[PDB]
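Engineer: Have a peek at query_33.txt (compact mmCIF, C-alpha atoms).
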```
# COMPACT_ATOMS: atom_id res chain seq x y z
CA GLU A 1081 62.99 86.35 80.52
CA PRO A 1082 60.28 86.64 83.28
CA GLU A 1083 58.88 83.12 82.72
CA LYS A 1084 62.53 82.01 83.20
CA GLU A 1085 63.04 83.97 86.46
CA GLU A 1086 65.17 82.19 89.08
CA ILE A 1087 64.47 83.60 92.54
CA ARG A 1088 67.31 83.50 95.05
CA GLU A 1089 65.72 82.71 98.40
CA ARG A 1090 66.74 84.64 101.49
CA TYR A 1091 69.22 82.83 103.70
CA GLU A 1092 67.94 82.37 107.23
CA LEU A 1093 69.70 81.75 110.52
CA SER A 1094 69.50 78.30 112.06
CA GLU A 1095 67.42 77.97 115.21
CA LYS A 1096 70.55 77.44 117.30
CA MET A 1097 72.22 80.49 115.75
CA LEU A 1098 69.22 82.76 116.19
CA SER A 1099 69.02 81.54 119.79
CA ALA A 1100 72.67 82.44 120.38
CA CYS A 1101 72.03 85.93 118.95
CA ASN A 1102 69.12 86.51 121.33
CA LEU A 1103 71.13 85.22 124.29
CA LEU A 1104 74.02 87.55 123.37
CA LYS A 1105 71.69 90.51 123.09
CA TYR A 1106 70.55 90.07 126.70
CA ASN A 1107 74.03 89.62 128.11
CA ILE A 1108 75.90 92.07 125.90
CA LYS A 1109 75.71 94.56 128.78
CA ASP A 1110 76.70 92.14 131.57
CA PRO A 1111 80.46 91.47 131.41
CA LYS A 1112 80.24 88.84 134.20
CA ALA A 1113 77.77 86.82 132.09
CA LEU A 1114 79.87 87.30 128.96
CA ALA A 1115 82.87 85.77 130.77
CA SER A 1116 81.05 82.69 132.12
CA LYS A 1117 81.77 79.08 131.15
CA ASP A 1118 78.17 78.58 130.01
CA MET A 1119 78.23 81.74 127.86
CA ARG A 1120 81.46 80.61 126.11
CA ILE A 1121 79.28 77.86 124.63
CA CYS A 1122 76.96 80.37 122.95
CA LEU A 1123 79.96 82.51 121.90
CA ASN A 1124 81.39 79.35 120.31
CA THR A 1125 78.22 78.88 118.29
CA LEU A 1126 78.46 82.50 117.20
CA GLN A 1127 82.06 82.33 116.10
CA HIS A 1128 81.79 78.96 114.41
CA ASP A 1129 78.74 79.83 112.32
CA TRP A 1130 79.86 83.37 111.43
CA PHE A 1131 83.32 82.32 110.29
CA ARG A 1132 81.88 79.43 108.26
CA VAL A 1133 79.53 81.88 106.52
CA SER A 1134 81.74 84.91 106.06
CA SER A 1135 85.32 83.78 105.72
CA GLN A 1136 85.72 80.82 103.36
CA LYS A 1137 87.08 81.45 99.89
CA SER A 1138 83.65 80.34 98.51
CA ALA A 1139 81.64 82.70 100.75
CA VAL A 1140 78.30 83.79 99.23
CA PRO A 1141 77.86 87.60 99.38
CA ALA A 1142 74.04 87.30 99.53
CA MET A 1143 74.35 84.92 102.49
CA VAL A 1144 76.69 87.31 104.36
CA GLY A 1145 74.35 90.20 103.63
CA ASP A 1146 71.34 88.25 104.85
CA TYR A 1147 73.25 87.39 108.04
CA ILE A 1148 74.32 90.99 108.67
CA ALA A 1149 70.66 92.03 108.23
CA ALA A 1150 69.40 89.32 110.62
CA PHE A 1151 71.99 90.27 113.28
CA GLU A 1152 71.01 93.91 112.90
CA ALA A 1153 67.37 93.01 113.46
CA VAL A 1154 68.27 91.21 116.67
CA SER A 1155 70.29 94.20 117.90
CA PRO A 1156 72.83 96.68 116.47
CA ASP A 1157 75.07 95.70 119.41
CA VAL A 1158 74.80 92.05 118.36
CA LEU A 1159 75.72 93.04 114.78
CA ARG A 1160 78.77 95.02 115.89
CA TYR A 1161 79.74 92.26 118.32
CA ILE A 1162 79.67 89.50 115.71
CA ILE A 1163 81.15 91.48 112.77
CA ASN A 1164 84.33 92.03 114.77
CA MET A 1165 84.91 88.62 116.33
CA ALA A 1166 88.42 87.30 115.82
CA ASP A 1167 89.26 83.61 115.60
CA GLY A 1168 92.24 81.88 117.23
CA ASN A 1169 94.56 83.44 114.63
CA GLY A 1170 93.27 86.88 115.52
CA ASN A 1171 91.67 87.17 112.04
CA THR A 1172 88.32 88.88 111.52
CA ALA A 1173 85.96 88.30 108.62
CA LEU A 1174 87.48 91.44 107.14
CA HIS A 1175 90.98 89.81 107.17
CA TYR A 1176 89.70 86.68 105.40
CA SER A 1177 87.49 88.59 102.97
CA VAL A 1178 90.36 90.81 101.93
CA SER A 1179 92.79 87.89 101.74
CA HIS A 1180 90.42 85.98 99.42
CA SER A 1181 89.83 89.05 97.23
CA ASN A 1182 86.16 88.73 98.31
CA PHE A 1183 85.48 92.40 97.74
CA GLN A 1184 81.69 92.19 97.59
CA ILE A 1185 81.84 90.87 101.14
CA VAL A 1186 84.47 93.47 102.09
CA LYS A 1187 81.97 96.08 100.82
CA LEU A 1188 79.15 94.55 102.90
CA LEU A 1189 81.27 94.64 106.07
CA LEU A 1190 82.41 98.24 105.60
CA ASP A 1191 78.79 99.24 104.86
CA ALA A 1192 77.63 97.95 108.23
CA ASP A 1193 79.70 100.94 109.57
CA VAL A 1194 80.49 98.87 112.68
CA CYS A 1195 83.69 97.25 111.42
CA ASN A 1196 86.99 97.94 113.22
CA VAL A 1197 89.23 97.96 110.16
CA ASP A 1198 92.43 98.63 112.13
CA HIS A 1199 92.43 95.28 113.98
CA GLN A 1200 95.75 93.42 113.97
CA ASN A 1201 95.61 89.63 113.58
CA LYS A 1202 97.95 87.34 115.52
CA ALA A 1203 100.53 87.72 112.75
CA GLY A 1204 100.43 91.47 113.55
CA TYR A 1205 98.79 92.80 110.34
CA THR A 1206 95.75 94.94 109.56
CA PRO A 1207 93.27 94.31 106.75
CA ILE A 1208 94.78 97.30 104.90
CA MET A 1209 98.18 95.58 105.02
CA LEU A 1210 96.61 92.38 103.60
CA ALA A 1211 94.85 94.41 100.93
CA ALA A 1212 98.25 95.79 99.75
CA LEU A 1213 99.02 92.26 98.54
CA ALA A 1214 95.53 91.03 97.56
CA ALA A 1215 94.80 90.18 93.92
CA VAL A 1216 92.61 92.79 92.21
CA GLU A 1217 91.42 92.39 88.65
CA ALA A 1218 88.44 94.66 87.97
CA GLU A 1219 88.36 98.35 88.57
CA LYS A 1220 85.16 97.85 90.60
CA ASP A 1221 87.38 96.05 93.16
CA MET A 1222 90.06 98.74 93.48
CA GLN A 1223 87.19 101.03 94.53
CA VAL A 1224 86.41 98.78 97.51
CA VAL A 1225 90.13 98.64 98.27
CA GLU A 1226 90.17 102.46 98.33
CA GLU A 1227 87.10 102.55 100.57
CA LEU A 1228 88.91 100.22 102.98
CA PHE A 1229 92.01 102.50 102.91
CA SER A 1230 89.76 105.50 103.62
CA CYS A 1231 88.08 103.83 106.60
CA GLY A 1232 91.14 103.12 108.68
CA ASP A 1233 94.75 103.97 109.40
CA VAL A 1234 96.90 103.47 106.31
CA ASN A 1235 99.91 104.46 108.44
CA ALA A 1236 99.67 101.62 110.99
CA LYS A 1237 102.89 99.66 111.55
CA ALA A 1238 102.91 95.85 111.78
CA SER A 1239 104.07 94.03 114.94
CA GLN A 1240 106.81 92.23 112.97
CA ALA A 1241 109.37 94.81 111.73
CA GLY A 1242 107.02 97.79 112.01
CA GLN A 1243 106.40 97.56 108.28
CA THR A 1244 103.67 99.67 106.77
CA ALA A 1245 101.11 98.78 104.06
CA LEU A 1246 102.91 101.21 101.74
CA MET A 1247 106.13 99.25 102.30
CA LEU A 1248 104.47 95.88 101.50
CA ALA A 1249 102.97 97.25 98.27
CA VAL A 1250 106.29 98.81 97.28
CA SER A 1251 108.18 95.58 97.94
CA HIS A 1252 105.91 93.66 95.59
CA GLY A 1253 106.15 96.34 92.90
CA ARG A 1254 102.37 96.95 93.13
CA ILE A 1255 102.15 100.39 91.55
CA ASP A 1256 98.32 100.32 91.48
CA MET A 1257 98.31 99.72 95.24
CA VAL A 1258 101.03 102.35 95.93
CA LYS A 1259 98.92 104.92 94.07
CA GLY A 1260 95.78 104.09 96.05
CA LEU A 1261 97.65 104.18 99.35
CA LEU A 1262 99.27 107.50 98.47
CA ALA A 1263 95.88 108.92 97.44
CA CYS A 1264 94.44 107.86 100.81
CA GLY A 1265 97.13 109.58 102.86
CA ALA A 1266 99.91 107.09 103.32
CA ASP A 1267 102.92 108.98 104.64
CA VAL A 1268 106.03 108.12 102.59
CA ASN A 1269 108.44 109.07 105.39
CA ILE A 1270 107.49 106.36 107.92
CA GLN A 1271 110.43 104.16 108.96
CA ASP A 1272 110.14 100.52 109.97
CA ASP A 1273 111.87 99.08 113.05
CA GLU A 1274 115.21 98.95 111.20
CA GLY A 1275 114.87 102.54 109.89
CA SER A 1276 113.82 101.61 106.33
CA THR A 1277 111.41 103.81 104.35
CA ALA A 1278 109.25 102.88 101.34
CA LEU A 1279 111.80 104.75 99.23
CA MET A 1280 114.49 102.40 100.52
CA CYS A 1281 112.31 99.36 99.79
CA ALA A 1282 111.86 100.67 96.23
CA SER A 1283 115.65 101.09 95.89
CA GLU A 1284 116.35 97.57 97.21
CA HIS A 1285 113.89 96.00 94.73
CA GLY A 1286 114.71 98.23 91.72
CA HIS A 1287 111.18 99.59 91.08
CA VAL A 1288 112.07 102.68 89.03
CA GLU A 1289 108.49 103.84 88.42
CA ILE A 1290 107.62 103.44 92.12
CA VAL A 1291 110.70 105.50 93.06
CA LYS A 1292 109.47 108.26 90.73
CA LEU A 1293 106.01 108.11 92.31
CA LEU A 1294 107.34 108.27 95.87
CA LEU A 1295 109.74 111.14 95.00
CA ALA A 1296 106.77 112.91 93.42
CA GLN A 1297 105.16 113.04 96.87
CA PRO A 1298 105.30 116.60 98.27
CA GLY A 1299 107.02 116.07 101.55
CA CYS A 1300 109.19 113.09 100.58
CA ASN A 1301 112.53 113.11 102.40
CA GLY A 1302 115.20 111.28 100.48
CA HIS A 1303 117.83 112.14 103.12
CA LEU A 1304 116.56 109.70 105.80
CA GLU A 1305 118.97 106.99 106.95
CA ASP A 1306 118.24 103.50 108.22
CA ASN A 1307 119.65 102.34 111.57
CA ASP A 1308 123.02 101.53 109.96
CA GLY A 1309 123.28 104.93 108.26
CA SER A 1310 122.27 103.64 104.83
CA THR A 1311 120.35 106.02 102.61
CA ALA A 1312 118.03 105.30 99.68
CA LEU A 1313 120.76 106.51 97.30
CA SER A 1314 123.42 104.31 98.96
CA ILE A 1315 121.07 101.32 98.94
CA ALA A 1316 120.33 101.81 95.22
CA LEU A 1317 124.07 101.80 94.46
CA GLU A 1318 124.81 98.78 96.69
CA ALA A 1319 121.99 96.82 95.06
CA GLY A 1320 123.14 97.67 91.57
CA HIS A 1321 120.43 100.15 90.60
CA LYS A 1322 122.35 102.90 88.76
CA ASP A 1323 119.31 104.65 87.31
CA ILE A 1324 117.29 104.79 90.52
CA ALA A 1325 120.48 106.19 92.09
CA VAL A 1326 120.77 109.03 89.52
CA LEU A 1327 117.08 109.86 89.97
CA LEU A 1328 117.60 110.11 93.73
CA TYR A 1329 120.76 112.22 93.53
CA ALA A 1330 119.01 114.56 91.08
CA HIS A 1331 115.99 115.02 93.36
CA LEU A 1332 118.13 115.70 96.46
CA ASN A 1333 120.11 118.39 94.60
CA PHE A 1334 118.01 120.14 91.88
CA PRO B 1138 121.22 88.81 101.59
CA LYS B 1139 117.70 88.77 103.15
CA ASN B 1140 118.44 89.94 106.71
CA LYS B 1141 116.42 93.19 106.55
CA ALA B 1142 112.66 93.58 106.14
CA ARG B 1143 113.07 95.93 103.17
CA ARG B 1144 114.95 93.22 101.22
CA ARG B 1145 112.25 90.60 101.73
CA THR B 1146 109.19 90.07 99.55
CA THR B 1147 106.59 88.97 102.09
CA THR B 1148 103.86 86.45 101.29
CA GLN B 1149 100.06 86.71 101.44
CA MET B 1150 100.04 83.67 103.70
CA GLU B 1151 102.61 85.30 106.00
CA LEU B 1152 100.18 88.23 106.39
CA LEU B 1153 97.23 86.02 107.30
CA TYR B 1154 98.84 83.39 109.59
CA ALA B 1155 101.79 83.13 111.95
CA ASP B 1156 101.76 80.63 114.85
```
Please lay out the structure from this file as structure tokens.
Structural biologist:
Amino acid sequence: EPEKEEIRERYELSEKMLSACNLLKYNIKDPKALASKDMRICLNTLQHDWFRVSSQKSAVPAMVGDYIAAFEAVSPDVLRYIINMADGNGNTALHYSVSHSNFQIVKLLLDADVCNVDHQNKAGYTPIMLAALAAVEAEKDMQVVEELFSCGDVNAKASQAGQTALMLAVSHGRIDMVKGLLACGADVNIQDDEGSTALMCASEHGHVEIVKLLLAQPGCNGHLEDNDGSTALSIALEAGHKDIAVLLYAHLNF
Amino acid sequence: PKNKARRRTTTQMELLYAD
């Protein structure tokens, strides 16, 4: 074992990248400087390197952790500045990390305790919304997912349709994700821009066990209507879901 | 008839990128 030890070397910032960090630290408190043509060049170095390191599918958690540590040692303001840069799609490292199921890196970002986890990308979605649909295979990962849910607003509504993370999870029949969202305070009575609830999404898609889980929520209101007056019960009938429909009638009236 | 958000099954790629 020890004679066969393979040391992983620390990753270190390039000269140009460390220079950009030091430049940013001195102008972080001068908004005029930050807005200048010349300073856009250093900001470009920052964003290009950081996204290359943090946000590819193949991203190395040890490299991201070394970078976080190096930024921190330049300045905590530099660390919080870089961690929350968004590219031209409005995506942060936390959006890409989550999307890739790179949960070690998600864990690193949350642990910096400088991450804004409620940031909407250009598509209009938060990292929690992306997480609702991200592949998860080990239980160690679902713990990071639940940390992410805990650290931000699970009740945010997306710019397109006002959908919620709970609605996205319901619509994919992701019971594991519905449970974690519920456990972290997702409100089941939020309505999207058309008046739909998660209960209605579950009736549309026929997810019987999700319907049970939503109805098991203490304040769940099965009487809400969408903009057209449709109810969860009426939707279940229209979509041909006779057993969901009986479940819903029985809960409204027992 | 997919003319309401609740009837759609959105995509991971739709969540990450728009225009």
Engineer: What is the distance between atom CA of residue 1149 of chain B and atom CA of residue 1130 of chain A, in Å to one decimal?
Structural biologist: 22.8 Å
Engineer: Please indicate the distance in Å from atom CA of residue 1218 of chain A to atom CA of residue 1180 of chain A, rounded to one decimal place.
Structural biologist: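 We find that atom CA of residue 1218 of chain A and atom CA of residue 1180 of chain A lie 14.5 Å from each other.
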Engineer: Find the residues near residue 1148 of chain B: any atom within 10 Å, counting all atoms listed in the file, skip ones fewer than 2 places away on the same chain, and give them as number ranges by chain.
Structural biologist: A: 1210, 1213, 1248, 1252; B: 1145-1146, 1150-1153
Engineer: Could you write out as a list in words the residues of chain A within 8 Å of chain B, counting all atoms listed in the file?
Structural biologist: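 The selection requested is residues 1169, 1171, 1175, 1176, 1179, 1201, 1202, 1203, 1204, 1205, 1209, 1210, 1213, 1214, 1241, 1243, 1247, 1248, 1251, 1252, 1274, 1276, 1280, 1281, 1284 and 1285 of chain A.
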Engineer: Of the candidates A:1293, A:1215, A:1253, A:1140, which one gets nearest to residue 1088 of chain A if we count all atoms listed in the file?
Structural biologist: A:1140
Engineer: One decimal, Å: what's the distance from atom CA of residue 1159 of chain A over to atom CA of residue 1126 of chain A, could you say?
Structural biologist: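 Atom CA of residue 1126 of chain A lies at a distance of 11.2 Å from atom CA of residue 1159 of chain A.
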Engineer: Do a neighbour search on residue 1231 of chain A at 10 Å with all atoms listed in the file, toss out local chain neighbours closer than 2 positions, and write the hits as a list in words.
Structural biologist: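 The filter keeps residues 1190, 1193, 1195, 1196, 1197, 1198, 1208, 1226, 1227, 1228, 1229, 1233, 1234 and 1264 of chain A.
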Engineer: Residue 1299 of chain A: which residues within 10 Å, counting all atoms listed in the file, same-chain residues fewer than 5 positions away excluded, as a ChimeraX atom specification?
Structural biologist: /A:1267-1269,1294
Engineer: Could you add whatever atoms are missing so that segment 1268-1287 of chain A carries N, CA, C and O atoms, then write the result as a short mmCIF file (atom, residue, chain, number, x, y, z; two decimals), keeping the file's coordinate frame?
Structural biologist:
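And here is the file that came out, part16.cif:
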```
data_model
loop_
_atom_site.label_atom_id
_atom_site.label_comp_id
_atom_site.auth_asym_id
_atom_site.auth_seq_id
_atom_site.Cartn_x
_atom_site.Cartn_y
_atom_site.Cartn_z
N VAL A 1268 104.85 108.80 103.15
CA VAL A 1268 106.03 108.12 102.59
C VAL A 1268 107.25 108.17 103.49
O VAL A 1268 108.24 107.49 103.20
N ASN A 1269 107.25 108.96 104.56
CA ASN A 1269 108.44 109.07 105.39
C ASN A 1269 108.43 108.16 106.63
O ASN A 1269 109.35 108.25 107.46
N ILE A 1270 107.45 107.27 106.78
CA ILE A 1270 107.49 106.36 107.92
C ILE A 1270 108.66 105.38 107.78
O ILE A 1270 109.00 104.93 106.67
N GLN A 1271 109.32 105.10 108.89
CA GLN A 1271 110.43 104.16 108.96
C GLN A 1271 110.03 102.94 109.76
O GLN A 1271 109.38 103.05 110.81
N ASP A 1272 110.42 101.76 109.27
CA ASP A 1272 110.14 100.52 109.97
C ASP A 1272 111.13 100.36 111.13
O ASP A 1272 111.98 101.22 111.37
N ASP A 1273 111.05 99.23 111.84
CA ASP A 1273 111.87 99.08 113.05
C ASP A 1273 113.37 99.14 112.76
O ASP A 1273 114.16 99.44 113.67
N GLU A 1274 113.80 98.86 111.53
CA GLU A 1274 115.21 98.95 111.20
C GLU A 1274 115.59 100.29 110.59
O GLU A 1274 116.76 100.47 110.23
N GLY A 1275 114.65 101.24 110.52
CA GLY A 1275 114.87 102.54 109.89
C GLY A 1275 114.61 102.62 108.39
O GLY A 1275 114.96 103.63 107.77
N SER A 1276 114.04 101.58 107.78
CA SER A 1276 113.82 101.61 106.33
C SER A 1276 112.55 102.39 106.01
O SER A 1276 111.57 102.33 106.75
N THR A 1277 112.58 103.14 104.90
CA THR A 1277 111.41 103.81 104.35
C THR A 1277 110.89 103.03 103.13
O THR A 1277 111.53 102.10 102.65
N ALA A 1278 109.73 103.44 102.62
CA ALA A 1278 109.25 102.88 101.34
C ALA A 1278 110.22 103.21 100.19
O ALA A 1278 110.36 102.42 99.24
N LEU A 1279 110.84 104.38 100.25
CA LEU A 1279 111.80 104.75 99.23
C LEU A 1279 112.97 103.80 99.24
O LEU A 1279 113.46 103.39 98.17
N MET A 1280 113.42 103.38 100.44
CA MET A 1280 114.49 102.40 100.52
C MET A 1280 114.04 101.04 100.01
O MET A 1280 114.81 100.35 99.32
N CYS A 1281 112.81 100.61 100.34
CA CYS A 1281 112.31 99.36 99.79
C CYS A 1281 112.31 99.40 98.27
O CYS A 1281 112.70 98.43 97.61
N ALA A 1282 111.86 100.53 97.69
CA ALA A 1282 111.86 100.67 96.23
C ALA A 1282 113.28 100.63 95.66
O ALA A 1282 113.50 100.09 94.57
N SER A 1283 114.28 101.15 96.38
CA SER A 1283 115.65 101.09 95.89
C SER A 1283 116.22 99.68 95.96
O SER A 1283 116.87 99.21 95.01
N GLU A 1284 115.98 98.98 97.08
CA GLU A 1284 116.35 97.57 97.21
C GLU A 1284 115.80 96.70 96.08
O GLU A 1284 116.49 95.80 95.60
N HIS A 1285 114.54 96.91 95.68
CA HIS A 1285 113.89 96.00 94.73
C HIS A 1285 113.96 96.49 93.29
O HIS A 1285 113.44 95.79 92.40
N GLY A 1286 114.53 97.68 93.05
CA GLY A 1286 114.71 98.23 91.72
C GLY A 1286 113.46 98.72 91.01
O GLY A 1286 113.42 98.69 89.77
N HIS A 1287 112.44 99.19 91.73
CA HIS A 1287 111.18 99.59 91.08
C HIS A 1287 111.27 101.07 90.69
O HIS A 1287 110.88 101.97 91.45
#
```
